[PDB]
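> Before I ask anything, here's the sequence and the deposited coordinates:
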Amino acid sequence: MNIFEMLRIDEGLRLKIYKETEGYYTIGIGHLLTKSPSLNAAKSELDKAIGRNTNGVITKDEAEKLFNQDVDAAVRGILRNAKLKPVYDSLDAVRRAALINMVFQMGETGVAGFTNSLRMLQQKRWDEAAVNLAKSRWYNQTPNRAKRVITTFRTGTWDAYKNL
């Protein structure tokens, strides 16, 4: 298991524009296109991202390309983040992947807001971090996903994802 497989599990893969859980237009492996309600605006962003007139449809290769860029962007955001980096640096490989998943999902900014949990993780207080992380809108809005990430932080293993 690795970050790509992990996220592929959490996000799925969709070749036509769709709305994700909060109702925003997305495509591929969780590639947010726009927060705007306009489908046109979404199609514009998509063409721009792809570099062609897509008509709202991409191929599998294009989706994987956006995915590689997004993963890359997520790691980079972490490393550049003053609150994030130190945590990331103190963690083991499995757990690093869990933090990358949250950032891919909610952005750097949103993740850096988890002050107390970040602190707990830094101190390797697994059980406590897990309970703190659950006290969030994130957990209440996408509980199955949240549970898989939280368990990964808790255990430091990929068990939450074995079977999927």
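Perfect, thanks for sending it. Numbering: from 1, shown residues only.

> When you work out contacts or count neighbours from here on, use the C-alpha atoms and nothing else.
OK.

> The chain: strands as residue ranges?
14-19, 25-28, 31-34 (DSSP state E).

> I'd like to know which of these is closest to residue 59.
strand 14-19 (6.3 Å; Cα to Cα).

> Residues contacting the closest one, please?
Residues from elsewhere that reach strand 14-19 (Cα atoms under 8 Å, 6 or more residues apart in numbering): 24, 25, 26, 27, 28, 29, 56, 57, 58, 59, 60, 63.

> Pull out the buried residues from it.
14, 15, 17, 18 (16 or more other Cα atoms under 10 Å).

> do stretch 19-28 as well
Those would be 24, 25, 26, 27, 28, for stretch 19-28 by 16+ other Cα under 10 Å.

> now the farthest one out in the protein, which residue is it?
Going by Cα atoms, centre = their mean, the residue of the chain most distant from its centre is residue 53, 27.0 Å out.

> Hmm, it is touching residue 47, no?
Yes: here residue 53 reaches residue 47: they are 5.4 Å apart, a contact under Cα atoms under 8 Å.

> Using TSV, please lay out the contacts of strand 14-19 together with distance to residue 164.
What follows is those, written out as TSV (distance: Cα to Cα, whole Å):
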residue	distance to residue 164
24	25
25	25
26	22
27	21
28	19
29	16
56	28
57	26
58	25
59	24
60	20
63	21
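
> where do the contact lists of residue 53 and residue 47 overlap?
Common neighbours of residue 53 and residue 47 (Cα under 8 Å, 6+ apart) do not exist.

> what about the helices in this protein?
3-11, 39-50, 60-80, 84-90, 93-112, 115-122, 126-134, 137-141, 143-155 (DSSP state H).

> wait, which of those is closest to residue 163?
Across the helices of the chain (criterion: Cα to Cα), the nearest stretch is helix 3-11, sitting at 10.6 Å.

> what's next to that closest one, contact-wise?
29, 30, 71, 97, 100, 101, 145, 161, 164.

> Now for the residues you listed: which two are most distant?
71 and 164, at 20.2 Å, using Cα to Cα across these.

> Give me the more crowded residue out of those two.
residue 71 (18 against 7; other Cα atoms under 10 Å).
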